[PDB]
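Throughout, read-outs are computed from the coordinates displayed, never taken from laboratory work. Every residue, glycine as well, gets a Cβ built from its backbone with ideal geometry; the counts of neighbours run over all protein chains shown.
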Amino acid sequence: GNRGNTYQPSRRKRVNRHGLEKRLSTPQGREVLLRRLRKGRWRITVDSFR
Amino acid sequence: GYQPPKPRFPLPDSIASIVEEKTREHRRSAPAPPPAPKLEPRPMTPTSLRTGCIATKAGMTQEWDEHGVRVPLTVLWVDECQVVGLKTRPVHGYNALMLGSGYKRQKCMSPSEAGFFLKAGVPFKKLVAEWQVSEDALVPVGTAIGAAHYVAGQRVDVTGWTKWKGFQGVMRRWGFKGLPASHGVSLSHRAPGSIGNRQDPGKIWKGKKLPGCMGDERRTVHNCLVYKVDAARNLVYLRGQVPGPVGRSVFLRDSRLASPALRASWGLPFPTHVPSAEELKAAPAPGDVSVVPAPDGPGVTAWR
Amino acid sequence: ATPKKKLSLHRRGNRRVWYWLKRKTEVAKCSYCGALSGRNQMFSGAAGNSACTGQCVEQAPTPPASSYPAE
Amino acid sequence: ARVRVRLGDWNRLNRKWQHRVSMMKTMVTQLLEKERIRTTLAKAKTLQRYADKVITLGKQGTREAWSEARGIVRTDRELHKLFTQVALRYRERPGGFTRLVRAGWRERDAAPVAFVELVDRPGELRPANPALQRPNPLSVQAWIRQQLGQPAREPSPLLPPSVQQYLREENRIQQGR
RNA sequence: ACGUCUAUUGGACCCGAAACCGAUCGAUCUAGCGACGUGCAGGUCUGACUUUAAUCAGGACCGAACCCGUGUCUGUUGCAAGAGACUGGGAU
RNA sequence: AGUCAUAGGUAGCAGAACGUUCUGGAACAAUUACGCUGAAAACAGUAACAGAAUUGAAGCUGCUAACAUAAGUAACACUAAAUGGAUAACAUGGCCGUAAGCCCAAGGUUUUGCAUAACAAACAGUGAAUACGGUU
RNA sequence: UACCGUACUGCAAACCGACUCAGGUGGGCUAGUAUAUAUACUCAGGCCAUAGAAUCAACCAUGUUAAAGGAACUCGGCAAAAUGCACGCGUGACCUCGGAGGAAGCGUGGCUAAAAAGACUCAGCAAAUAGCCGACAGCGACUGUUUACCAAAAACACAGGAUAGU
RNA sequence: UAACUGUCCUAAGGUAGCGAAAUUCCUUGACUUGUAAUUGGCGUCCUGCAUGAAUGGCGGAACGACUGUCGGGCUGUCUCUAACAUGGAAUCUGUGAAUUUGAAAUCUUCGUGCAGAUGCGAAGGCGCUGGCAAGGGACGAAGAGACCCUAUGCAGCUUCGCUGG
RNA sequence: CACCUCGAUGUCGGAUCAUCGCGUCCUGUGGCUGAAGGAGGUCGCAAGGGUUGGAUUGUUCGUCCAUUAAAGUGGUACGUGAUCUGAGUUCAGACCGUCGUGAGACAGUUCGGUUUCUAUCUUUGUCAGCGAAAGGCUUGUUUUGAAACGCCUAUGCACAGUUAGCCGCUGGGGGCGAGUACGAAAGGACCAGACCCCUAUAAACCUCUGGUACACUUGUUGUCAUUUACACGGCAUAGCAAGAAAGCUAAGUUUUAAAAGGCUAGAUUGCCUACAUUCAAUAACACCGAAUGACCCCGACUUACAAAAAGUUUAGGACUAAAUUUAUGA
Ligand SMILES: [Mg+2]
Ligand SMILES: [Mg+2]
Ligand SMILES: [Mg+2]
Ligand SMILES: [Mg+2]
Ligand SMILES: [Mg+2]
Ligand SMILES: [Mg+2]
Ligand SMILES: [Mg+2]
Ligand SMILES: [Mg+2]
Ligand SMILES: [Mg+2]
Ligand SMILES: [Mg+2]
Ligand SMILES: [Mg+2]
Ligand SMILES: [Mg+2]
Ligand SMILES: [Mg+2]
Ligand SMILES: [Mg+2]
Ligand SMILES: [Mg+2]
Ligand SMILES: [Mg+2]
Ligand SMILES: [Mg+2]
Ligand SMILES: [Mg+2]
Ligand SMILES: [Mg+2]
Ligand SMILES: [Mg+2]
Ligand SMILES: [Mg+2]
Ligand SMILES: [Mg+2]
Ligand SMILES: [Mg+2]
Ligand SMILES: [Mg+2]
Ligand SMILES: [Mg+2]
Ligand SMILES: [Mg+2]
Ligand SMILES: [Mg+2]
Ligand SMILES: [Mg+2]
Ligand SMILES: [Mg+2]
Ligand SMILES: [Mg+2]
Ligand SMILES: [Mg+2]
Ligand SMILES: [Mg+2]
Ligand SMILES: [Mg+2]
Ligand SMILES: [Mg+2]
Ligand SMILES: [Mg+2]
Ligand SMILES: [Zn+2]
C-alpha cells in the first residue's frame, strides 16, 4: 500500500465541507470566518468566486 | 616504467683528462674478439648445454603407435630458423647463440631492426631470441637450426604464450568456488568472498588473487616427448599439448628437468645437425615427402 | 562508498586526466572550400558540406551504358 | 555474448535475430530500389554481405531462386528489377557488386556513417573495373591456364555468336507453339 | 546621589525537550453505520419446483473481470516515503 | 633616564586600553583618497572631550544566502522494433486488438488549432433543431 | 419552447501520488479462425517521442539447454524442474454417510478417408492456455477477519451451549 | 513399590479418563521401529523441576498460502559447473544528481600512546597520474536512542497505594 | 578492574577465500628402547604442503556411519555481513508452563518476524598514459660565426650477465623390489634408489570423448498473408522437436626432480632511410598482421574423402600513378 494520495478531489464534498454555508451554520465556524477576515485573507472560503 | 635516470653533473674539476686517457688506453688494450667458430661435428661433453629452436605451432592431429594406442600429437614447423647473432665470454659477459625465425619484408620492419639483419648478412627475421650455450656449442652466423637438430624419443621443454581470453573473474582464473545459486544468496553468486582478515592485518596481501586480464602468458610445459621428426619438411611431432594458439611461434630446448648429464642415451648431435652433402638439395620447388623416425616404448598393454 | 574529505584542486586535476581528448595528428584539407576531415571520409556535397563547389572532384566523364529500365 | 566479429559471422546490430533479418531484407529492398543508401558502418557492412548473397540468388534465375527471393525481398516492383536489370548487369561479375564510402558521423548520436552503393551503374562515384580481363594468348597466364585445368572465361556479349547459328534457323522456332 | 560589582522578583546570559490544560479544523485516506444505484466471462457438482416449458438454493468447486497480499527473487536517495515479476487466496 | 626588584599559568579576581553605531558641545569629507608605511596588541592612516548602546563571532549536529566536493560520476534497463540522409505524408517491417481500439463519468480547466524558426499569442475555437444531461 | 454543459484529456505526459512517477482511478461497445470476454494469430482502429550508436569484458538480473548421478545441497528439496487437457476404464482406509475423490493407477487423441482403412514422424494433450501425488502426527470444527509500511497465524470471529441481569 | 493403616499446619489435598507433552531441569529418559549413521517426529513405559470437565479433560470426517516428519516421480539446489539468449554493466555522443566533507602533499612493520596511529620514535620502502575490478582498513557513511544507568524527567496502564461526592 | 568508544559501531554459526606460529596428525627424519624387523611408547630436528565424507543437533560443543598417510591445535576484535545467510543472541503478534492482587516478568518451551551503502583514498589485481632535448664539434670540410656533413652518448628500438630484487616452489598411496634379512612359528619390513598404475594440486590444449551453438539442415501444429490453400514469408520461448561445423568448455587430453619455472628493473652490446594516418564505433582478429611489386579483409566458385575451413580468384575496400604494360609467377 503506497500512501500520499489522501486527497481524492470532489466538488460536492469540497463545497459541502469548507464552503460558506457550513461555516455560517455554526457559531465557531462564524468566528473562523471572522478571524479569516481579521487576518486579511483574499480568499475567504474555498467556493468564493465572482 | 623506469626510475629517474641520471643527475649527470658535467663538471669534473679537470679530472676529465685522466678519465679520457684511461678510457682510450682501456679500449685499445682489451683483447681482439675470438675468430669465427666454423663448427663441424663435436664430442658430447656431459655438462654441455645445446641451443634451442623457434618453432611454429601448426595444430593437433591423430596417430596410432605400432602397439595400437592413439597419441595426441601436436605438430610444430621450423620456419627457416637460423643463427643471427653470437655472444661469447671474452667480448660479452656470457656465452649465447641468438636465433631468428620467419621472414618479413623490408617495408614491414622498423629501420633500426632491419639494419641489424643487413649488417649480419642474414634475411629479415620476424622473431629474434637467444639461448645460453656452452663454449663448444657456438655455431657460426647463418647456420640453419631445423627439425634435424632434434631426434625421435627426445624429451623437450616447450615454451609458449597462452591464448588470450580477456578479463575474467576468480571463478575460472583462480578456480575459486562461489556461493550457492539458491539459498538466499543476494547478488553474490560469483563473489570472490573474504579478501582481508579485519583490523589486525588491516590490509590486502601483496599476492591477493583478484579478477584480472589473464591471457598471453609465458607458460612452459616441461618434459614432453618427441614422436616424429620430418627433416625434409621441417616438422616435429610432439605428444601432448603446446601452449598458445595455432600460428604463434613457440620455443624448444632439450629438457633440463630430466638432466642426469647422460641426456638419457638420446642420439643428439651436439653442435647441431651438421649437414653432409648440403649440395643436391632442392630449393622450394616440386619436391616430395621423405622418411622419418619414431620411438616405440615397451608394454603399453602389459596386463589388464 | 562515500568520500571522507573534500577533494583538493590538485588531486581533482590529477583524477580528471582520463577525461581529456587527444589531438589528431593528420587532417585532409580541400584546397577549394577549405573543408577539413579525415583522409578516409568523403566530405563533399553528398555528405555534409554546404561550401562545396564541386572542384574537389576534378574529373568525372562517363557517358556510355545500356540496360532495360523496369517500368 | 557469442563472438560474431573476430570469428567471421553476421553482426548483431543491437537487435534480436528475427528483427535483424527483417531489417536487412528491408534495407536490401531499399538498396536495389534507390541504388545508393546511407547508413551506419555496422549496418553498411552487413548490408554489403547480404547484397552479395541476394544478387547472386537473382543471378541464378531459377524458379527456386525466385521463390526464395520472394520471401527475402519485399517490394515485388524490385523483385523484377533484381531478376532482370541487376541479373543482366552483373551476369559475369565474381562478387563485389557493392562499394562502401565513409561519410563522417550523424548528428543525432555521433555514429559513423557510410555510403553504400551498387557499382557499374550510371551515377556511381568511382569507375568500375571490368569483371573479366580478356587474356593475351601470348602471355604466361594463358599457358598456366592451359597446362592447369582453367577455363578461358573471356568477356562476352549478352548473346554470343555461338547461339547465332541456332537462332538464325527458321526450322528451330516451332512457330511459338 | 552618581559609577561599578553582587543579590531578589521578573522570560532574565542564549538555544533545546518529552509534556500538561483549553477550543478550532478534519470520516476526499482509513474503521463502522445508513440511503440510493451498479457488477460478478466461462464451465463443474449436489438438492428442490415445473415440465410441450427461457425456475430457484449452496457463507458449494475450478477459473477470467474484480478484491486481497502467501512464498521467493529484484529494488533499498527505488519505478514506488512499501513497487515489480512469477507463484498464490476469495470470486452469489 | 641611573641602579636594583619582579614578570609560567586553568577556574577565578583586579587594573589599563582598542574598535563599531548614534548624540551634545555652531558647523571635522562640496571639490575624494592614493610618498606606504607606523604601532606591544586590539589596530591605525578624515578631529578631540563627554555621553547612549539591538557594541566586537572559526567555535551552539545554530538560521539565511551564495559557492564548491563527491563528478561530468550515478542515472537516462518495465514494456512492441524499427528501416529508408526527416520524430515524414510514402514504402518496408513489427506490437496491442476484452486493448495499447471506440464512447462517456469523476477530476483537471484552455492543457485544444494555425508559421518548411517564426515577430505566434497579441490570433482563433465549444452553436441543443431529435421529446441530449441538468434545473423539476 | 428559455438558462447551464458542449474545446481538449480521460488506465493517463493533462486525474490522485513533489515528477513526463512501472503505483491507484468508475461505467459501457465490439469482428474471424473458434469455442468461453481464457489462449495463439488477426479485423475495425491505434501505436512503434521523450536517450541514441556499435561490440566478445568481468560481474548482476531474467531465461534456454546440458553427459553420469540425483536432496548427496541446505536450518528446512527454499528456488527451479515436474503433473497440468477433453473421451473410456477404474477408484483406498477413515467418516458426522455428505465426503475423502479429479483418490491412486491404465488406455485414446493430430493428418487423409461420402467414410470397413491407412500414410510416415524421433515426436501426433505436435505450438499457447488449463492439479504433483500418497502416508504419519500437532493446533484450530468449517467459509471468513486481523497488525495500511518486517508477523495472516495456533491469534479474533463463527453457528451452538452455559451462567447472570431484565 | 506402600495398595490399608500411624501423625502435623490445613478451604481442600487433582477422579474413570492424561503425560519428557506447545508445555519434564536431569536428557543423547532406558523400549520397538525409523537411517549406514537421528538430540528434530511418530507408537509404549514411568521418576508431573514447573499437567489435567469450563484456565473445559478423551479422540475422530472434511477443511488450512498453519507447523514437524516419511516414500514415488522430477530436475543444475548439489557432486562441478559449461555454452547460449535477453537487459543492465564496460566504449562513444547528448542530458545530467546525491550521501559525504576541519585542512591534507594521507606508505609498511615493530614499539609507544585516552590503552587497536597515515601524522609520534626506530628501521625500511616508494618514478608520477589514472581507467576497469575486489572491498581488509580509514574505529567507512547512514539515526545526537539497539541495550544499561541517571534525572525536582514525562506519558499511558494496573492495584486490598493515598485522598476526594 | 572499569582505562577506550553509548553524537547508536556484527559478536555465541558456516559459505567462500586467506595469512602466520609450532606445543607435528601425516609425509621427511635421528636417539633410547622391556628393540624378533613388523607394531608400538616416548624423546630430538623439521611448518614445504596435506588433513576428505556427510547422517543428527540453531550448536563453534559431541558422537558414530568408513573411507585415508592423517581426518592437528591455536593467533587471527575465539579471521572474514560497505562479499553471502540470519539458522541462534533485541524487541513489536500469539499459545503453553512458572511467579505475581494485577499492569507484567521468564537466560523456560514453542510458531511467525526489514540485513541499507553508486568507493573519496589506504591497500590489492590488471590494463594504460606522462616523465622532451640534441651538447660542443672551433666543425674532419665548402664558400655565400648561420647551411649540411664527421665524431663521443643522448633518446628510441632489439637481444638482454655465470645480475639485482621478488613470486611460485617440488603432494602422496598401492605394487615391483620381497613370500624375503628376520623369524621355532604365525607374522611380514626398512631404501623410494628407479619402473608400473591411480589420485590430487598447478599450468595449459581442443587431438579424442561429450555439452552448448538464436541469420545452419530436416520434420511439423495453429493462425495471418497466398486471383493455386504449389513453393516462399510473419508470429506463437529460436513456436516446437531432432541433428549439426567453427568457437568456448570439462566430465575430456597432456605435463608437473637438485635449480626447475614466471614478473619487474636492468651494466653492457648492436642498430637506426622511426613526426604516425587507413584496413568497422570495444585489435582481444593485428603489431611474432597488412595498405595496391597488396590475398590484409570482404565477396564469388569448389569440396560429404570438412554436416565447411581450406584452395583458386584482385570482383569490392585499405587510391595511384605515365616515355615499354590499369601494374607480382596473388
Ligand atoms: Mg492493490
Ligand atoms: Mg499531500
Ligand atoms: Mg534484500
Ligand atoms: Mg552479455
Ligand atoms: Mg520470434
Ligand atoms: Mg546605586
Ligand atoms: Mg467532520
Ligand atoms: Mg488468482
Ligand atoms: Mg486452490
Ligand atoms: Mg603571569
Ligand atoms: Mg619566571
Ligand atoms: Mg556635533
Ligand atoms: Mg547582540
Ligand atoms: Mg558521458
Ligand atoms: Mg523514420
Ligand atoms: Mg469534464
Ligand atoms: Mg494501470
Ligand atoms: Mg511519491
Ligand atoms: Mg502513470
Ligand atoms: Mg499479435
Ligand atoms: Mg525509441
Ligand atoms: Mg540424462
Ligand atoms: Mg499442447
Ligand atoms: Mg472455499
Ligand atoms: Mg481461511
Ligand atoms: Mg547491453
Ligand atoms: Mg600500533
Ligand atoms: Mg592501479
Ligand atoms: Mg574504480
Ligand atoms: Mg529523582
Ligand atoms: Mg575441432
Ligand atoms: Mg551452422
Ligand atoms: Mg503479422
Ligand atoms: Mg565466458
Ligand atoms: Mg579494388
Ligand atoms: Zn572542397
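In nanometres, what is the gap between the two model label sites at B:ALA58 and D:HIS80, each 7 Å from Cα along Cα-to-Cβ?
Here the answer is 5.8 nm between the modelled labels.
If you take the Cα Rg of the stretch B:146-304 and divide it by 2.2 N^0.38 Å, with N the number of residues, what do you get? List each step's numbers first, then the result.
Numbers: Rg = 24.2 Å, N = 159, 2.2 N^0.38 = 15.1 Å.
Cα-based Rg divided by the globular estimate yields 1.60.
Report the far tail of the P(r) of the stretch B:50-100, meaning the percent of Cα-Cα pairs longer than 18 Å.
Values: 712 of 1275 pairs.
The share of Cα pairs beyond 18 Å in the stretch B:50-100 comes to 56 percent.
If you plug each phi of the stretch D:128-137 into the Karplus form 6.51 cos²θ - 1.76 cosθ + 1.60 with θ = phi - 60°, what whole-Hz ³J(HN,Hα) values come out, in order, with x for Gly and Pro?
6, 10, x, 5, 10, 9, 3, x, 7, x
Go through the stretch C:55-71 residue by residue and turn each phi into a ³J(HN,Hα) via Karplus (6.51, -1.76, 1.60, θ = phi - 60°); whole Hz please, and just put x for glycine and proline.
6, 4, 9, 9, 8, 8, x, 9, x, x, 7, 8, 7, 9, x, 7, 9
Per the Kirkwood definition applied to all pairs of different Cα atoms, how many angstroms is the hydrodynamic radius of the stretch B:251-304? The partial results should precede the final answer.
Details: mean 1/r = 0.0623 Å⁻¹.
It is 16.0 Å.
For a Förster distance of 30 Å, can you work out the FRET efficiency between the beta-carbons of B:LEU187 and C:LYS4, rounded to the nearest 0.05?
Numbers: r = 25 Å, r/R0 = 0.85.
After rounding, the FRET efficiency stands at 0.75.
What's the FRET efficiency of D:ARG153 with B:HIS67 using the Cβ-Cβ distance as r and R₀ = 51 Å, to the nearest 0.05? Intermediate results must be reported in sequence, preceding the final value.
Working: r = 53 Å, r/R0 = 1.05.
The computed FRET efficiency comes out at 0.45.
With an 8 Å Cα cut-off and a minimum separation of 6 or more residues, compute the relative contact order for chain B in percent. If you can, show how the numbers build up before the last one.
On the way: 525 pairs, mean separation 73.4, N = 304.
About 24 percent, as a whole number.
List the residues whose amide H sits under 5 Å from the amide H of B:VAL158, counting only those 5 or more places along or on another chain, with H placed 1.01 Å from N in the peptide plane.
B:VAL221, B:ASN223, B:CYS224
Please list the non-local residues whose amide H lies under 5 Å from the amide H of B:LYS228, H modeled 1.01 Å from N, same-chain partners needing a gap of 5 or more.
HN-HN under 5 Å from B:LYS228: B:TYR237.
Grab every C-alpha pair in chain D, bin the distances at 10 angstrom width from 0 up to the longest one, and report whole percents.
8, 27, 29, 21, 11, 4, 1
For the stretch B:147-187 and the stretch D:112-154, write down the distance between their C-alpha centroids in whole Å.
After rounding, the separation between the Cα centres reads 49 Å.
Tell me the relative contact order for chain A as a rounded percent, counting alpha carbon contacts under 8 Å between residues six or more apart. Walk me through the numbers on the way to the answer.
Numbers: 23 pairs, mean separation 19.3, N = 50.
Once divided by the residue count of chain A, the mean separation gives 39 percent.
Could you calculate the contour length gain from B:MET109 to B:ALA32, that is, 0.36 nm times the residue separation minus the distance between their Cα atoms, to one decimal place in nm?
On the way: separation 77, 0.36 × 77 = 27.72 nm, distance 3.26 nm.
Result: 24.5 nm gained on full extension.
Once you place label points 7 Å from the Cα toward the Cβ at A:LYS22 and B:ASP13, how far apart are they in nm?
Inter-label distance under the simple model: 10.6 nm.
Rounded to the nearest 0.05, what FRET efficiency is calculated for B:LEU210 and B:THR45 with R0 set to 41 Å and r the Cβ-Cβ distance? Spell out each step's value before the answer.
On the way: r = 48 Å, r/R0 = 1.17.
Rounded to the nearest 0.05, the efficiency is 0.30.
I'd like the chymotrypsin sites (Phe, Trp or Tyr not before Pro) in the stretch B:128-231 restricted to DSSP loop residues with at most 15 other Cβ atoms within 10 Å, sorted by number.
Details: sites: B:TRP131, B:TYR150, B:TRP161, B:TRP164, B:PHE167, B:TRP174, B:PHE176, B:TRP205, B:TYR227; in loops: B:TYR150, B:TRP164, B:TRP174, B:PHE176, B:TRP205.
Those that pass, being in a loop and sparsely packed, are B:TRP164, B:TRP174, B:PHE176, B:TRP205.
Tally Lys and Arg at +1 and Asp and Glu at -1 over the other residues with C-beta under 15 Å from the C-beta of C:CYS52: what net charge comes out? Show your work: numbers first, answer last.
Working: positive: C:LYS29; negative: C:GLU58.
Net local charge, C:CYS52 excluded: 0.
Could you list the square roots of 5 times each eigenvalue of the Cα gyration tensor of the protein assembly as shown, that is, the equivalent ellipsoid semi-axes, sorted largest first and rounded to whole Å? Walk me through the numbers before you get to the answer.
Details: eigenvalues 886, 528, 216 Å².
So the equivalent ellipsoid measures 67, 51, 33 Å along its semi-axes.
Along the Cα→Cβ direction, 7 angstrom out, place labels at B:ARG24 and B:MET171. What is the inter-label distance in nm?
Simple spin-label model gives 7.3 nm for this pair.
In whole Hz, what ³J(HN,Hα) sequence does the stretch B:86-95 give by Karplus (6.51, -1.76, 1.60; θ = phi - 60°), x for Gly and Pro?
8, 10, 9, 4, x, 8, 10, x, 9, 10
Label 7 Å along Cα→Cβ of B:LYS163; the stretch B:214-257 residues with amide nitrogen under 17 Å?
Within reach of a label on B:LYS163: B:214-221, B:240-250.
Which whole-number percentage describes the relative contact order of the stretch B:97-136, with Cα contacts under 8 Å and a sequence gap of 6 or more? Write down the numbers at each step before the final one.
Numbers: 39 pairs, mean separation 23.7, N = 40.
Once normalised by length, the contact order is 59 percent.
Got a sec? How would B:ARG218, B:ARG239 order by Cβ neighbour count within 10 Å, fewest to most? Present the calculation step by step, with values, prior to reporting the outcome.
Values: B:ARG218 11, B:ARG239 16.
Going from sparsest to densest Cβ surroundings: B:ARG218, B:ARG239.
Under 5 Å between amide H atoms, partner at least 5 residues away or on a different chain: which partners does D:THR40 have, H built in plane at 1.01 Å?
Placed amide hydrogens put D:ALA114 under 5 Å from D:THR40.
Could you give the alpha-carbon Rg of the stretch B:1-126 over 2.2 N^0.38 Å, rounded to two decimals? Provide the component values of the computation, followed by the final result.
On the way: Rg = 23.8 Å, N = 126, 2.2 N^0.38 = 13.8 Å.
Normalised by 2.2 N^0.38 Å, the Cα Rg of the stretch B:1-126 equals 1.72.
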